[PDB]
Amino acid sequence: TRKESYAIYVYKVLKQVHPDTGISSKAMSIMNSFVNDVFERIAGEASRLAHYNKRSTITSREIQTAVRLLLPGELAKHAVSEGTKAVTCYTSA
Amino acid sequence: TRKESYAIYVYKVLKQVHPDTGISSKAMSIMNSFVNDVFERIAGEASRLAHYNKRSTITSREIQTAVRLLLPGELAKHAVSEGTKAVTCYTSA
Amino acid sequence: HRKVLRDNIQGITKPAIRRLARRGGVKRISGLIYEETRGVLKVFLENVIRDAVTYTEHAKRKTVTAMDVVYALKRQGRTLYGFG
Amino acid sequence: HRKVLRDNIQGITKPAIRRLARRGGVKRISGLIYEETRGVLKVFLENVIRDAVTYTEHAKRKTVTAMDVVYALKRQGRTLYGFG
Amino acid sequence: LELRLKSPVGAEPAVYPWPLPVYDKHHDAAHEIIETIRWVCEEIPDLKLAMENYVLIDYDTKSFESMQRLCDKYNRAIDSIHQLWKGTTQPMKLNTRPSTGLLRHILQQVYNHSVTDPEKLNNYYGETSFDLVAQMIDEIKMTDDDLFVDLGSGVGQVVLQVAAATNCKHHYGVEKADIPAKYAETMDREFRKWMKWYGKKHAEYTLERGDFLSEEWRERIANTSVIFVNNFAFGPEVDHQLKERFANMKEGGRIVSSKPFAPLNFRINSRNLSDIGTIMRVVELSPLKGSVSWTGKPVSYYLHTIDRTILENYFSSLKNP
Amino acid sequence: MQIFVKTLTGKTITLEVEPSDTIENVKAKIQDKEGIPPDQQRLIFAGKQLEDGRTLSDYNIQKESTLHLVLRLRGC
Amino acid sequence: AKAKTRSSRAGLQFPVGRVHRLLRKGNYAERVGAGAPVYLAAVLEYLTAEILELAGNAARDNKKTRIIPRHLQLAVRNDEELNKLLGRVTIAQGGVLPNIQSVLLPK
Amino acid sequence: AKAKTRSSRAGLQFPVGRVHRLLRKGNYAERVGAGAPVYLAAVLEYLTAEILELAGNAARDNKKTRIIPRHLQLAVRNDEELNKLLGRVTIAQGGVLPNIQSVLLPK
Amino acid sequence: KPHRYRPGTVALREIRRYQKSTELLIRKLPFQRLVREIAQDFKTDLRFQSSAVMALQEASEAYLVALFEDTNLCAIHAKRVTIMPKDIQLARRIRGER
Amino acid sequence: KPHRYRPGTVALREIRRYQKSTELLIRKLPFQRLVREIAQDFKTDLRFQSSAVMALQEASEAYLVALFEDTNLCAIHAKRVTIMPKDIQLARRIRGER
DNA sequence: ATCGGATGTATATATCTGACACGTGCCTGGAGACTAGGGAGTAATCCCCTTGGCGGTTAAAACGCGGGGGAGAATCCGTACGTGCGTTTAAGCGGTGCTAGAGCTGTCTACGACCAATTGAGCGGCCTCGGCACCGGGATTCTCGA
DNA sequence: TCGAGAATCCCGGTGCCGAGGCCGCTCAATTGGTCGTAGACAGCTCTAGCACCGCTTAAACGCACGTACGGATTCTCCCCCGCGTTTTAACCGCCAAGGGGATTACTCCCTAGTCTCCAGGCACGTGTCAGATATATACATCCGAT
Ligand SMILES: Nc1ncnc2c1ncn2[C@@H]1O[C@H](CSCC[C@H](N)C(=O)O)[C@@H](O)[C@H]1O
């Protein structure tokens, strides 16, 4: 049964940000569970931000406000910048 | 427009359990928010329980397990007894 | 025209922090408490107001609602009953 | 057959609690820390195991699997990375 | 009535009204004439050699006749040492370079004689002290062939500081808000006339109004090398558009700023090539480290330098194993 | 014929070229021989900012001559 | 076809119709069983019954017949298990429990 | 049509297809706007990049070329902002930051 | 000789009084001006509903009197009876906020 | 005369040993018997995946490590160095668990 | 203070090993190309309610002064806890064996979404009084210096 | 080993404004169907968890001993409390302005949905290198002797 994971994607971001090093399987499943946990946090805050304003969509702006709430300070500024950079690179394609 | 509340139902349960006692508007809003918060906790744990087994439905089993998880001890025993009594009183009729 | 309040944290006066501390049940309060409690209250209000202003500025509003402060407190795990 | 366990809370030894406190940064340990920490560990394991056993009683299983313990700890705030 | 003292060299004479100028918390006209007289005293040794004569503590702000007596003493002195200058005796040459506290209170003199109401500056910006850019001058080493520019000059004080203190060919200053640029063109003209009054040398410089992200300004900053900003509150879009503007700078160009565009633990790798952190070396200074008026803890105004060799050795280190 | 590629940090690499091929092909060979990205590099010679669709002879740079290398941030 | 409400079918007071509509429209799962809102409104009614009973006792001890928020705070803090359920919340205009620490009363 | 993956249009390494499927089949809201999974996958890929960069630095400082869980704990407990985001969490086989209180070292 | 309570029992009388009553302790307009002064930094020209600064005040007094309960337990733990900044910083370092 | 270390430095060598290392400091099989004894009270004849016992162990010992950090801060606050059961009870009362 | 003996820990090298790293079918999930509907953007308009500004009152805040009591410092005692050491013990490893139960798959039926028609539950708005807020003053219970 | 000033409490008395009951009126709950599918269940498979054995040895237990430290004690200074006078800003009440929230109408773009293709990623298999372990010897240091 295909138990999907974020193994290969965390691996690709590792081979980008560190071209030498690799990641052991326990630390592989730690970053798997971390990506799952930040996903569930941001999607939970986006769901509550969509329900609190009587909307019915998770648009890009709700994920931006979720990242502004959850991540502290400079991580919020950097993740907001990288997110809106990726969404403006996506829409002009 | 119409802003729904649990005001009159808390009022009916108060008239049942104390037939002479009234409830002020601020304590009315506090019990309104308490019913809303307990409903959001039980439905949140029920949605997580119905998703963690790759199910799709909030049955009575999931609400029973959520009430067993959130409320501590004697509140859990009395609440699942009240709930299973009311679901049998519903489904027999 | 325009205005900005220069240093307005001293409105949480020394008898106010004294009354709050007497509510919690302290018997005697050292004199260096008051600066520390003004700092603690400033950090707590900065966190709740930062999340409340984010919840508002998401909704395209310019009035911080009472629901926005209630959601900003429910976000940090300090749920507030009485305002919705 | 079967086996029924009387008490294994004395199996969390005095060198085990000494090693745990040495990880925390504790230099001297009073002699009652061992009994109090056995009590504290028993309370914590009762909470996590009660929630995990409820999570596995719901799924009509009979093995408390690692996702059940991880979900119990994610419920009580102590999120656990490294088991799924 | 009036109060006048001419230059120690003989420029257009310094004029003052008999009504009292009161401006700020710390800036009065009596202290102004006191500090100006003392710095004209410290510039020429013969002046404090001649005017030690018998004027002690007893002088007060509003009592104007002792001010008239002392300034008449100074006026007789100025004319008389001008007659001592008219002989074979050589004076101190006008085209020498000034001191540090001399430029400090010459800039505070322009601060006095141009801005009277600073809280009208509130209509929205802060103050940059001159000891900050003084320790920057202690840090930055510069030549004649480069170009100095600060972006968002406000009243333009540091523009006059660099233009009279050090030696770029063309110093700029820019300001977009109407009130501090409004006061800054007057600061430019009055600083020109006070440089005529003191007679100390200063190079080519200007104070302008505009948005420094415009299409002229893009290649204009792509021309220069020395840039100063106070980027605590420019915003995100201003700083990113300025980053992709400073990408077109030559070798050795230097930036000084409050909020650093790249954090000083930067290591470049295959994810953040688009950032300006691949271009700059980031060093840290040590100023007076004050500003307890708003938020300021001990923080330095970090120096970036355009160093396109780290990107080159990263690209050549790509093929190591 | 010969080409010189000057880097701004003061190094040159001498390479085997054809003037008939495009400069996008020789900058692809610059990628294969040094690792410099195609989007990130730009090569100039006497105020002439090159274009990838044009060749070496189309901008009239001759044998044993040097192209200056400078870098721009890629973006998207 | 007599419209007999589901809140009355189970002997509850809480609106099983409204609880069902909130379980559906609130996006908790893609479908909500029929056994869900009867159970959930029963649990909500039981918790409201216990909180209101203890608040009525706490207001009767203060010889008042309106439950103000201070009686709710006394109700949720005097019991142990309601204090464990409501441990995070701050019931506004509620006050604290009256107790002074044993080292501070004079001797 | 030449199939270009939606993560490759954005230039992210995290998938936005899988993030979009999880956002739909997790029931966060009824409709999921198309600009949201690319934004969310950019944020996840950024946070993975920051924790992996600090983890690689903490592993190379320990003269190892492989990220062990201890390097992850040494990454996220040293950076104060990742320590605030990951405050509640226990990283398994993680260890503790070596910090002993200065009272315990003898004069 | 005037009548003067010994130092310590007007404090306990204040404790019984402020514990048995439920009104707000900070004056309402200084707290409203403090909330506006802190909200100045995030978005300018923000309006506040009156119940919003009331909710901020209920939350801030409930947080501060819970912190003072914790800091009183710490000050009693150090065999003292006076709360001090060491005590407040200890309660916040234990609850996970510093 | 045998070589004896002044009481208080094998503790510091123990701290520098265990703080830099990532073992599980409780032995595994006593913890398995403890987890099965505690789980017999809730559901009889349960089974445990081995990863679930390791998850319960890593969680319980990381909670106990953080508790001993808060306890050591409590004991240092009381001008002592020895953690005592009133220090654990204070740390668990400040954290919000009793 | 200075100085070795013993100890511990770090640094260096050779070894095995198994767990990471990468290549292979493959399959299913993601991309793509229309299709329809409603959710959301946008504009316009009503009007609630939020800010800002008078003054009058006065309770509360600020300041200052004795002064007692509590924090802290210094001293002393004994005992409880660290440290080795040798003596016990039970954890760990390394195998084997079983079957219980997780897990996957294959029907299939009950059940819940969906939709339309029907109606009364519950909403806002509005009188209506009574529980409590304020108050006045006296009895009770303190707290303290006698 | 208590009377006296003084808060606090209690009890009767007055007034008010918020709880509390009543009433049209929507519109959301109910009922009655239909249909797609998810969950229940049967049955088979096959991982893996429990159980058991014995060997090894790291670790736990016990124990005596010495010493640092916790706790009690006494003392001393300062500092924070209680009180009284001044003072000031909160607060209440009232006033108007107008900003923006809330609502409705309209319209179209964006996204669910669906059907088809195809390649991205996953389980699996296999080489081989980073690290773990063991050993062997240099540095860091701890601590008692002089
Ligand atoms: N587009 C723009 N062009 C010019 N100035 C700008 C600008 N945007 C903001 N500013 C100015 O940047 C200034 C920041 S304050 C800097 C003060 C001054 N440079 C000094 O060092 O003393 C403000 O005056 C603000 O008006």
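Here chain C follows Swiss-Prot, giving residues 19-102 in order.
Cβ atoms are placed via backbone N, Cα and C, with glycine included.
Copied over from Swiss-Prot:
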CROSSLNK  C:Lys32  UFM1 cross-link
CROSSLNK  C:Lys92  ubiquitin cross-link
MOD_RES   C:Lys21  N6,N6-dimethyllysine
MOD_RES   C:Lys32  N6-glutaryllysine
MOD_RES   C:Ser48  phosphoserine
MOD_RES   C:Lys60  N6-(2-hydroxyisobutyryl)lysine
MOD_RES   C:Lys78  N6-glutaryllysine
MOD_RES   C:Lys78  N6-butyryllysine
MOD_RES   C:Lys80  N6-(2-hydroxyisobutyryl)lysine
MOD_RES   C:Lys80  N6-propionyllysine
MOD_RES   C:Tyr89  phosphotyrosine
MOD_RES   C:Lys92  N6-propionyllysine
MOD_RES   C:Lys92  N6-lactoyllysine
MOD_RES   C:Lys92  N6-(2-hydroxyisobutyryl)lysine
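Structural mapping of features recorded in Swiss-Prot.
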residue	record	CB count, 10 Å
C:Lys21	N6,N6-dimethyllysine	6
C:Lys32	UFM1 cross-link	14
C:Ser48	phosphoserine	16
C:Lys60	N6-(2-hydroxyisobutyryl)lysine	15
C:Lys78	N6-glutaryllysine	8
C:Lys80	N6-(2-hydroxyisobutyryl)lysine	12
C:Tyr89	phosphotyrosine	22
C:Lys92	ubiquitin cross-link	17
Would you mind reading off the Cα separation of C:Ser48 (phosphoserine) from C:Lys60 (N6-(2-hydroxyisobutyryl)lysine), to the nearest angstrom?
20
Hey, how far is C:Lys60 (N6-(2-hydroxyisobutyryl)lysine) from C:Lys32 (UFM1 cross-link), Cα to Cα, in Å?
15
In whole Å, note down how far the CA of C:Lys78 (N6-glutaryllysine) lies from the CA of the residue listed as 'ubiquitin cross-link'.
21
What Cα-Cα separation, expressed in whole Å, is found between the residue listed as 'UFM1 cross-link' and the residue listed as 'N6,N6-dimethyllysine'?
26
Write down the Cα-Cα distance for C:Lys80 (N6-(2-hydroxyisobutyryl)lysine) and the residue listed as 'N6,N6-dimethyllysine', rounded and given in Å.
18
Pop the Cα-Cα gap between C:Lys78 (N6-glutaryllysine) and C:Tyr89 (phosphotyrosine) into the table, whole Å please.
16
Using DSSP with the three-state reduction, classify C:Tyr89 (phosphotyrosine) as helix, strand or coil.
helix
By the criterion CB under 8 A from chain A, which of the recorded positions C:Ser48, C:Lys78, C:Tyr89, C:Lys92 would you report?
C:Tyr89
C:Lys80 (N6-(2-hydroxyisobutyryl)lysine) - helix vs strand vs coil (DSSP):
coil
DSSP three-state assignment (helix, strand or coil) for C:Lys21 (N6,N6-dimethyllysine):
coil
